[PDB]
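Novice: Residue numbers (the deposited numbering), protein chains in the order written: chain A, 947 to 1104; chain B, 1210 to 1237, 1252 to 1262; chain C, 1368 to 1502; chain D, 3 to 106; chain E, 314 to 319, 330 to 423; chain F, 2 to 95; chain G, 1 to 56, 64 to 1118; chain H, 527 to 789.
Quick reminder that beta carbons are idealized off the backbone N, C-alpha and C, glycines included.
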DNA sequence: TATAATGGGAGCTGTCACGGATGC
DNA sequence: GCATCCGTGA
Ligand SMILES: [Mg+2]
Ligand SMILES: [Zn+2]
């Protein structure tokens, strides 16, 4: 058991799903420019589209792994429960996915790159917001967890 | 922990408090830890 | 969670005093008002009419009978003043009290249930038996 | 006897004086030269007990053959110095002052 | 002076450590063990003279008047007691380690 | 895990009672210098030194094994404390 | 060796000087090189100009000057002094009545000088002033959280420069102003400014319903005088409304430049936002006897305009980097200097009253003490003044580029939520999104970007290349975020033929938002990806292949790298590892062209073109703040011709001018016997054999002999009751000899201190009588080696009293320092990490024969577990390993820039070229494929790694291109059942080491009051058993263990003594007693006049003090 | 009021508070004895109340009294009793304890579930009194004092004392703890196995309970003294004796990572 | 020990929640 | 009956 850069296997289905999502995106933009749907509905439709796309490429990764390379290290570690989960593997092989603004709002454009392909400085910068927000969330969470724990201990101790 | 009837003298309250508390740092479409404290 | 919630429901509020010395709106433990009510109802006196009262863990922990636990939790000044005024006695029921005092906690090997257990070998047991049989 | 209950209650001025081994009349702590405690001060040995075990200030009675004996010279009882963690002093106020705990 | 709260890093030099107290206890016990190798009289002379009893060191006239002998006699038996102590010490080498 | 810990947990109505029993027995063995033991010379717990096998200095192991044998009687109010102490001191001087 | 660099991106500009944020700031603050008459009004000059003239006799300021440092930096470090320069001020005391003028230059004390590298030396210790990010002064408009359709206007000046005025529109309709928690109608203040209903009506009348809310008849009825008195009555209740007092207070609160200062940046921001011009930094003026408005009316107008919905008026983003600025060293120091100067001014004004009103000189009138006290306070006890991190040059370099939101006049950690911690869209090119601490400080402590630089106003700017038409110029423009939002900025990787954009569609940014744009729409373009990330972050190769959370740890841990004796630059670099060694001044270079005259270990002598002979001393084995040895070694030889900027000596943690934070090792990624389980690491003993990861560490010990009332402390070789074996390595003076090996318990410095007077116990009387030996007058206080420490003594420094050039603190006769060094080999428990955030402690060291090895017989070095890779999502280490294998067999290193890298195909190429050398050698040597290689190939083609039917060599090459090789288990000899990734990885030994962290205690020192054990390793303290540990023992139900923790093991005196005695006697431990800290609790409750009684079952009092506290 | 290492003096804030109180009190008594006007007496009494307040609880009412040249509020009795650093939480509900140690954890695969790798020196210091007793039993030292003075210097330590140490710790267990302790399994009992090196070796299966990994985490060792404490640890607190979560009832120590992967 | 002199100066600001008492 | 400040806690 080892890990090479090729052990993260980009499915052939990826490009297909991406192109489909692209033409769908174009259709939505066209539907917007003709004044059929508002900015809100357009944004929501784009987000939903990219979410479903993400699910599709994930399933593509795991199906390709199951059928073609059943002993693939990432696949084995994920399946056995030794390490990793479908989403992280998806980030390694399929797309990184949608990222959110500091305001919680999600960017219309997703990160099409994987960690095996490597990201672009703009994509990396976009992801950094989420990462930072996560770290801050954790740090701020531990304290409240401890305080609550102590409250419970004090009320239940006798 | 022993999968058998609890021994008399076991401190229940502390085990309860700890059992609820320990996963707390893991709590994250979800209300989460603030909801827990709210309750 | 049922344990904690159980500690949350611990208190009740008096709707009517009945024949007791309690006051309307006064808050006290359910156990105490039930003992009081069974003492009054066996005395042939009008029992206390009360109401279930739910308070959060912090208030419930600060409302405990032990003033050592309450003082070691939070609001030390408030707790200690009310306790000193009341001339409260801490019966050392809980764990925190005995921890502060540095005694043996009333749990595990410190539980009165398992604490007084004795151990003896059959030889000594029989010798003592014969000793007590000759008296 | 074994400890069972622990009681807390308000302390009367008479009780506070009953605890006290003497009144501290001076803000002084220790002497700026000898480093020994000042008399009627916060660190005074006449009030709170001896600095050294079974030995008075001036050193007239230096051993345990005298215990409970208060020296006539320095006025320091000869006992275990551990009592300096125990014995209370007091300060008599010219005017009554409210305990802030029962006010604020 | 400077404020202590600026105190948790400051050791207590006054109270004896467990090691020191244990050493003093073993010292007293070993001393009694060595004094048991004398007669009760010549041991009592040393105990009275060095202040192990009553805390005060008694003069030769006081120990002599207590036992009912001459001060020369009490000084002499004190000397022979100390001598037997020195011999027993040279032999067993027990009390050397307490000399620091 | 401690050898035969499950049977030991089976002996008592509460695990803490087991703990109390083992501890008290171990204190008995320590105070009386193991010569009050219910174990036969071949049942004695052994320890490997550079010299060879010696008696296990650990009184708790001894107490647990003794407990496993069934030659120990435990419970509450078996005998007044002073009487037990003095009788044990009579049978096994210190 | 050969260095092959990749990437197509050509940066038009080099990285700016990295320490400039410190150096240029302080330089601008002091103006020491500027002739006094030519000094601009800033910094120290601004402080003097702001404080003076002191009006009351009139004392005025002329000019100041800074002399030369009394001592060099090294000597300051040696003698525990401060590197500083004397500050003199020429003052002329003028009597306006007489006309009398007495002029003199007064000495105001010293000011700390900054070293070349941007740090300070305070009391012998190297320190760094961290820049502080805060909200920029100005006028902001933020949405009122309560009333949605309403807004809050906030006027913010500099910290401690005066109050925050809040303009708000109340529900009743009247406009309210808030100062010092007090709220009053703004109309009154407007009347004080001299405004009339006519002027307000015509000015603000455009916005319909608000002006009527501004209208109050009673206010306009009274003149500005009565309105002023009224306002003073509103602000200052109980204070008699004397007119002069009202004028003084109101002027002092608003118009006073002395008491009230908006930033120069605040001034600019106000002028820009409101669209006005300020005559000064104050909200108003006192002119011709009355008050004249500056700020308030434009802000009120803007507020009403924003509320009305008038186009062109926006709410402000306070997290925007246009609204947030940076206070550098110069500004903080200038602030504290201004405070001290103000206090000195108070002293002066007080001195102008007492004494003789006739004869006075500037010297008599000025007490410098408050100023000295202020500056010293700042450089010593401030939060922004931090102990310098010297661990490696990059440590300090990063430390100087730190940006903190904490400190005086800044956020509390608990005051900081998500918003402050977040990465703003304006952080691009300015504040690194990657490198921030992992913990509570996350987002509060940050790092300056590589190309980022702070302007004169305090805002961070980032460079952008101008694009005119479709052509990209070479001119760069540094922009503030506010200015950045104005244009459309293309990415740095956008395709280029010559200076023209080669793409039909480019990726750009508009207000931070990503957008696809045509080349005609491209106004500017990024300079380089490097500008997005900090220095440490830019040192991580294949950064685009690493998850941000792990890259954070990579950055952070690069700072923790220990300098190694054999330290070498990484085989895969980012190209920044040279410049970093340049800007951090550890490494030595040649000033001009010339020939090296002399080469020694101690020094290097160079003869330049000028003919002048310059001698450079080398720092050898100098102890840094963290104990890591800072030492320079010569990289040149006698007679070698060198140019300008050529390397002379290599600094600590640098190899031939390149940054070396660790070593390149041969790593195999594979699980090994659970020894690498959970991030643990297995290493080869070969590493210890060839001294890889071996580092020198120096510790400094210190002792003082002082004067006592019981007699002097003496440092001597005569120590009571000690043998010669103990005194062996001590010289005649009592100091340990240089070169001796000291272990725990050994004596570094002999010392004797007169015993405290005590009566010997009867036991001691009898003992003394028995052995016939008098008790010595002195006791052994000698400084000894602490447990777990030791080494070879490399230095001794002795400073006595009466000897020339030295004066100690009062009472101290002498001081002795002993410097002890040790050579630390890598060992189990030491922490290793790579640049990608993979960190682990070494859990096993195997012999060479147990190590997995290549078929040619070459064993690996480090064995990493692959389980660390997928969850952590850092793939950069993998690629680094592959290219490291290629570089291993090709005998070469590489430069892969950030985000413009070496990509997969090129690495495949290099790997092929490597395989030719790895295999073709074997085939030429007369060896065919191994049987085990055949089996491994069978399983590999079962895995789908190699195409079936090809020759063994073709399949082995197919594996090699995947970076995988055949590996034989050293124990069995049998191969691993599959091909394993093996290659060269750059791994560092982190500052966290077991030798430092291992601690154990039986019994030891106890605290004074609580009588509980002390804490920390240095004090030989015990481990803290807290509330949570008590909860653990309780939940377990172990009563006696817990009681042992609460009593016998801590704070129970009788209990612990009896326990130790029982254990050493072989007895079982005795029943515990009352904890002393409970007694302390009781007595502390008694001092609060609360009686605490311990009672029995009979409710009868129980005395735990045992009659000692009762009369 | 105590003299520190450097001959300098350090003192508690309670002293300065008491001095304030006494000075204002005495000045009050003198002002009364001299028959001062009602204004002065009023002011003095008010200052006396302010003083008593400052003594008992500082900052409670009005501006907190600070030492000259400092913004740091003095520490009153209330500030000593309450708070996270207060007497109760800091010194009562928890304490720093003797017979304890700390070090960096490393994974022993070879350990049985009930075992932990314990560095020689650590155990030598932790079990030190027992070691003194054993050394006095055997011929290593004349007595306890000699043995301790022998162990004081590291170069005076021979090879027999290690064997004696092995005799000492046999059958006994130690408690390993990792912060934060989030449940009762944050502390567990293990049979110590003396190992060369400065690192504590921890069994893999318990890593999930402590939430411990090998990236540089550290643990603390505690040595239960009495036969009672030792019985508690060996029975109730032993690692092999708790295999299931007290929370969910599910298995706590179970195959993970490498183990699962291999199987 | 004797000209006469007669109300003080810093605050300092991006936390969250419920328990009071006020008191709008 | 409901808005208005303050006090204590990590
Ligand atoms: Mg960890
Ligand atoms: Zn006396």
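(1) How is residue 392 of chain G classed by DSSP in three states: helix, strand or coil?
(2) Note down the Cα distance separating residue 974 of chain A from residue 989 of chain A, rounded to an integer number of angstroms.
(3) Relative to the C-alpha of residue 579 of chain G, which residue among G:1093, G:316, G:668, G:1069 is closest?
(4) Any C-beta of chain G sitting closer than 8 angstroms to the C-beta of residue 1476 of chain C?
(5) Chain E partners of residue 67 of chain D, CB-CB under 8 angstroms?
(6) Taking just the CA atoms, how far does residue 10 of chain F sit from residue 763 of chain H?
(7) Within the present structure, is the beta-carbon of residue 78 of chain D separated from the nearest heavy atom of ligand 2 by less than 7 angstroms?
(8) Per the DSSP calculation, residue 1085 of chain G is bridged to which residue(s)?
(9) At a CB distance below 7 angstroms, what residues from the stretch 721–744 of chain H approach chain G? Give them in sequence order.
(10) At the level of alpha carbons, what is the spacing between residue 911 of chain G and residue 8 of chain G?
(11) Would you mind stating whether residue 717 of chain G and residue 779 of chain G have Cβ atoms separated by less than 8 angstroms?
(12) Under 8 angstroms by Cβ, that's how I've got residue 59 of chain G and residue 567 of chain G pegged, so tell me the actual separation to the nearest angstrom.
(13) One question on the structure: do residue 1531 of chain C and residue 604 of chain H come within less than 8 angstroms of each other, judged by their Cβ atoms?
(14) Strictly below 9 angstroms CB to CB, what residues from chain G border residue 105 of chain D?
(15) Ignore the nearest five residues each way along the sequence and tell me which others in residue 145 of chain G's own chain have a CB closer than 7 angstroms to its CB.
(16) Tell me whether residue 782 of chain G sits in a helix, a strand or coil according to DSSP, three-state version.
(17) Just grab the DSSP bridge partners of residue 995 of chain G for me.
(18) Does residue 1103 of chain A have its Cβ less than 8 angstroms from a Cβ in chain B?
(19) Following the continuous beta strand (DSSP E) through residue 622 of chain H, name the residue where it begins and the one where it ends.
(20) Which of helix, strand or coil does DSSP assign to residue 871 of chain G?
(21) Report the start-end ranges of each beta strand (DSSP E) in the stretch 568–618 of chain G that is 3 residues or longer and not cut off at the edges.
(22) Leaving aside the five residues before and after residue 418 of chain E along the sequence, list all residues of the same chain whose C-beta is less than 7 angstroms from its C-beta, in chain order.
Specialist: Looking at the coordinates:
(1) If you number the seventh chain from 1, residue 392 of chain G lands on position 385. The answer is strand: DSSP assigns residue 392 of chain G an E or B state.
(2) As a position in the first chain, residue 974 of chain A is number 28, starting the count at 1. As a position in the first chain, residue 989 of chain A is number 43, starting the count at 1. Those two C-alpha atoms are separated by around 9 angstroms.
(3) By one-based count along the seventh chain, residue 579 of chain G stands at place 572. When each option's Cα is compared against that of residue 579 of chain G, the closest is G:668.
(4) In the third chain, residue 1476 of chain C corresponds to position 109, counting from 1. Yes, because at least one Cβ of chain G sits closer than 8 angstroms to the Cβ of residue 1476 of chain C.
(5) The residue labelled residue 67 of chain D in the question sits at position 65 within the fourth chain. Near residue 67 of chain D (Cβ distances below 8 angstroms), the residues of chain E are 377, 378, 379.
(6) Reading the eighth chain from its first residue, position 237 is the one you call residue 763 of chain H. Reading the sixth chain from its first residue, position 9 is the one you call residue 10 of chain F. Approximately 14 angstroms between the Cα atoms of the pair.
(7) To locate residue 78 of chain D, count along the fourth chain from 1; it is residue 76. Because some heavy atom of ligand 2 lies under 7 angstroms away, the Cβ of residue 78 of chain D counts as near it: yes.
(8) Position 1078 of the seventh chain, counting from 1, holds the residue named residue 1085 of chain G. Residue 1085 of chain G pairs with nothing; no bridge assigned.
(9) 723, 724, 725, 730, 733, 739, 740, 741, 742, 744
(10) Start at 1 with the first residue of the seventh chain, and residue 911 of chain G comes out as number 904. Start at 1 with the first residue of the seventh chain, and residue 8 of chain G comes out as number 8. Residue 911 of chain G and residue 8 of chain G: Cα-Cα distance of roughly 15 angstroms.
(11) Here the question's residue 717 of chain G lines up with position 710 in the seventh chain. Here the question's residue 779 of chain G lines up with position 772 in the seventh chain. No, they are not a contact pair.
(12) Position 56 is followed directly by 64 in chain G, which means residue 59 of chain G is not present among the coordinates.
(13) Only positions 1368 to 1502 of chain C appear in the structure, and residue 1531 of chain C is not among them; the question remains open.
(14) Start at 1 with the first residue of the fourth chain, and residue 105 of chain D comes out as number 103. Neighbours of residue 105 of chain D on chain G: none; closest Cβ ~13 angstroms, over 9 angstroms.
(15) For the purposes of this step, residue 145 of chain G is taken as the residue at position 138 of the seventh chain. The residues are 163, 273, 276, 277, 280.
(16) Position 775 of the seventh chain, counted from the first residue, corresponds to residue 782 of chain G. Note: residue 782 of chain G maps to coil in three-state DSSP.
(17) Counted from its first residue, the seventh chain places residue 995 of chain G at position 988. Answer is G:840.
(18) Working through the first chain from its first residue, we reach residue 1103 of chain A at position 157. Chain B, which has a Cβ nearer than 8 angstroms to the Cβ of residue 1103 of chain A, makes this yes.
(19) Translated into the one-based positions of the eighth chain, residue 622 of chain H becomes position 96. Residues 621–623.
(20) Position 864 of the seventh chain, counting from 1, holds the residue named residue 871 of chain G. Residue 871 of chain G falls in the strand class under three-state DSSP.
(21) 601–606, 610–615
(22) In the fifth chain, the residue the question calls residue 418 of chain E occupies position 95. Taken in chain order, the residues that qualify are 353, 357, 412.
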